[PDB]
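> Provided hereafter are the protein sequence and its experimental coordinates.
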Amino acid sequence: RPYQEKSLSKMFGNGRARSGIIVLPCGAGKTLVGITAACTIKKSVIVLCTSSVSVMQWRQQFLXXXXXXXXXXXXXXXXXXXXXXXXXXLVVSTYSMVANXXXXXXXXXXXXXXXXXXXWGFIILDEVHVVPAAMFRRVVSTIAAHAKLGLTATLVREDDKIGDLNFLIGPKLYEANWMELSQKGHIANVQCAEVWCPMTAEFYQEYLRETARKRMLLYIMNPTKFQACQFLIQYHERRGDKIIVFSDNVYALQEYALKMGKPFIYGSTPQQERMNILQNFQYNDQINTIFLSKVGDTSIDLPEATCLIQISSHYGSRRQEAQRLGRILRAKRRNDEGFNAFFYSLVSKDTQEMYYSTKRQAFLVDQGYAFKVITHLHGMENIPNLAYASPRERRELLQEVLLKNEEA
DNA sequence: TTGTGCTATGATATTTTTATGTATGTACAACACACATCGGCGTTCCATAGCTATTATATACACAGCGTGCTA
């Protein structure tokens, strides 16, 4: 990819003594850039990752290059260990395993052999936006190499600590514009859209009488959000496109999941059921609407479903939802003549959550994506299958929300 | 004088996910007495070769049955 050689030209310029951060999309090949840099340096390279799936991907890249089984390419994890050799090495480690404090499973010595014997020379950190934390400062404080590299896709955080990475690892060298990359490769056009649904009177006065995170249980459970949600679901099913529903709250995800009758993936869920739901979403055309929480978004991103719906949201964590949204957008690439990606933000008027979703839309403006407002698409008035459209169901839902407030 | 409001820290309240020690399900073999071993056939059809009854004649000998005399 041209931008990858545009990033490698900086390494080809000076050669020795360099450190910086390279911003590349998730769908791009930053791991290939790490492989090329590993071929240019030829030394013990350590790749800092947070999940085993990324370790398996880096191992697949090592297989795409050459060798992995002979005593040279090592693997560090809490399950097994593998030997290494000087002058050339490729190993992937976990942040929580290298960090620690005093808990030990007779494996911290195996890491202190890679760090004690001084077999290093190249540092690779996956997702640098997570570095602003004490454990990563300890990791950097326990390592020292000749060349450092930071592979990440985003860096927008409101912790005011992203600027420290300019001296902890190095200043950002190349930031690729996702619009020009969309022109190089169709990574699904980004259509940002907020749905403005009216707010009922009872949920408005009860919403004002509530506060903190409890008023979210009155912002999400609005009947017009159920009507507009069903209208968007039936609309996308009529267009023949799969639907992914995001929710920062597990309770709302279970409510919409059970009322819509679709599979759901949330916390404390068996992994076999998660894999079954994933296979049903990949193969079965009857399941075109999935309800995914943060566990289903951080662990895996699927290239299907051009329809992304956002209902639940948390205060301040708008940039993280923009990063996950960006992961689902960049995950969809196949060079199509159309390829229209639709992001909907179900927001209710006069609520305290839309005013942060606007900050998320500001983050979506900083990336160059297109944003437009949507009050209501004509067609919901012709859907007799809408729930909570009658005053009876609205009063019953009001009583259910009041009971939910009495439980919390 | 006493009550009320913002900066900042202090503490208090949520959320996701790594491995870990204990629990649960499932193998394995296996220990040492409990026990074991040892000894100083019936039934039917076809080709085969022997084997059945008879006589003309002499000789001599034994065996079973019948016709006639005597007396009680």
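Arrived safely, thanks for sending. Residues are numbered from 1 along each chain as shown, chains lettered A, B, ... in the order given.

> from here on, just use CA atoms for contacts and neighbour counts.
Will do.

> residue numbers of the stretch 201-350 of chain A in contact with DNA strand B?
Within the stretch 201-350 of chain A, the positions adjacent to DNA strand B are A:248-250, A:267, A:293-296, A:298-299 by Cα under 7 Å from any atom of the strand.

> tell me how many other residues crowd whichever residue of chain A sits closest to DNA strand B.
The nearest approach of chain A to DNA strand B comes at residue A:295, 2.9 Å away (Cα to the nearest atom of the strand). By other Cα atoms under 10 Å, 13 other residues sit near residue A:295.

> from residue A:346, how far out is it?
Between residue A:295 and residue A:346 the computed distance is 21 Å (Cα to Cα, to the nearest Å).

> how many other residues sit next to residue A:381?
Residue A:381 is flanked by 11 other residues according to other Cα under 10 Å.

> for it, helix, strand, or coil?
Three-state call for residue A:381 (DSSP: H, G, I helix; E, B strand; the rest coil): helix.

> now do the strand or helix carrying residue A:202: which elements does it pack against?
Residue A:202 is part of helix A:201-209 when elements are defined by DSSP states H and E. Packing partners of helix A:201-209 (3 or more Cα pairs under 8 Å, 6 or more residues apart in numbering; DSSP states H and E): helix A:216-219.

> tell me the helix or strand right after the helix it packs on.
Next along from helix A:216-219, by DSSP H and E: helix A:223-239.

> what is the orientation angle of that following helix with helix A:201-209?
Counting by axes from the mean of the first three to the mean of the last three Cα atoms, to 10 degrees, helix A:223-239 lies at 120 degrees to helix A:201-209.

> which residues touch helix A:223-239?
A:197-200, A:242-243, A:260, A:288-289, A:307, A:346-348, A:379-380, A:383, A:386-389, A:394, A:397 (Cα atoms under 8 Å, 6 or more residues apart in numbering).

> hmm, back to that, need the residues of the stretch 201-350 of chain A next to DNA strand B in JSON lines (columns: secondary structure).
What follows is those, written out as JSON lines (three-state DSSP):
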{"residue": "A:248", "secondary structure": "coil"}
{"residue": "A:249", "secondary structure": "coil"}
{"residue": "A:250", "secondary structure": "helix"}
{"residue": "A:267", "secondary structure": "coil"}
{"residue": "A:293", "secondary structure": "coil"}
{"residue": "A:294", "secondary structure": "helix"}
{"residue": "A:295", "secondary structure": "helix"}
{"residue": "A:296", "secondary structure": "helix"}
{"residue": "A:298", "secondary structure": "helix"}
{"residue": "A:299", "secondary structure": "coil"}
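
> among these, which ones are buried?
Buried subset of those (neighbour count, 16 or more other Cα atoms under 10 Å): A:248-250, A:293-294, A:296.

> just give me the closest of those residues to residue A:186.
residue A:296 (24.7 Å; Cα to Cα).

> now the closest one. Nearest residue, chain neighbours left out?
Excluding the flanking residues, the one nearest residue A:296 by Cα to Cα, 6 or more residues apart in numbering is residue A:265, at 6.3 Å.

> bridged to that neighbour, which residues?
Bridge pairing for residue A:265 (DSSP bridges) gives the partners residue A:292.

> going by neighbour count, which residues in stretch A:257-266 are buried?
Applying 16+ other Cα under 10 Å to stretch A:257-266 flags A:257, A:260, A:263-266 as buried.

> quick one: contacts of that stretch?
Stretch A:257-266 is contacted from outside by A:230, A:250, A:253-254, A:274, A:277, A:287, A:289-296, using Cα under 8 Å, 6+ apart.

> okay, helices next: where are they in the stretch 1-150 of chain A?
A:2-13, A:30-41, A:52-65, A:95-99, A:108-116, A:134-141 (DSSP state H, counting those that start in this stretch).

> may I see the ones you listed organised as a markdown table, with mean neighbour count and distance to residue A:210 added?
Converted to a markdown table, the helices of the stretch 1-150 of chain A look like this (neighbours: other Cα atoms under 10 Å; distance: least, Cα to Cα, whole Å):
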| stretch | mean neighbour count | distance to residue A:210 |
| --- | --- | --- |
| helix A:2-13 | 14 | 50 |
| helix A:30-41 | 18 | 46 |
| helix A:52-65 | 15 | 42 |
| helix A:95-99 | 17 | 39 |
| helix A:108-116 | 14 | 49 |
| helix A:134-141 | 14 | 35 |
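
> now distance to residue A:357 too, for those helices, in JSON lines please.
Listed next are those as JSON lines, based on distance: least, Cα to Cα, whole Å:
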{"stretch": "helix A:2-13", "distance to residue A:357": "32"}
{"stretch": "helix A:30-41", "distance to residue A:357": "30"}
{"stretch": "helix A:52-65", "distance to residue A:357": "30"}
{"stretch": "helix A:95-99", "distance to residue A:357": "31"}
{"stretch": "helix A:108-116", "distance to residue A:357": "43"}
{"stretch": "helix A:134-141", "distance to residue A:357": "29"}
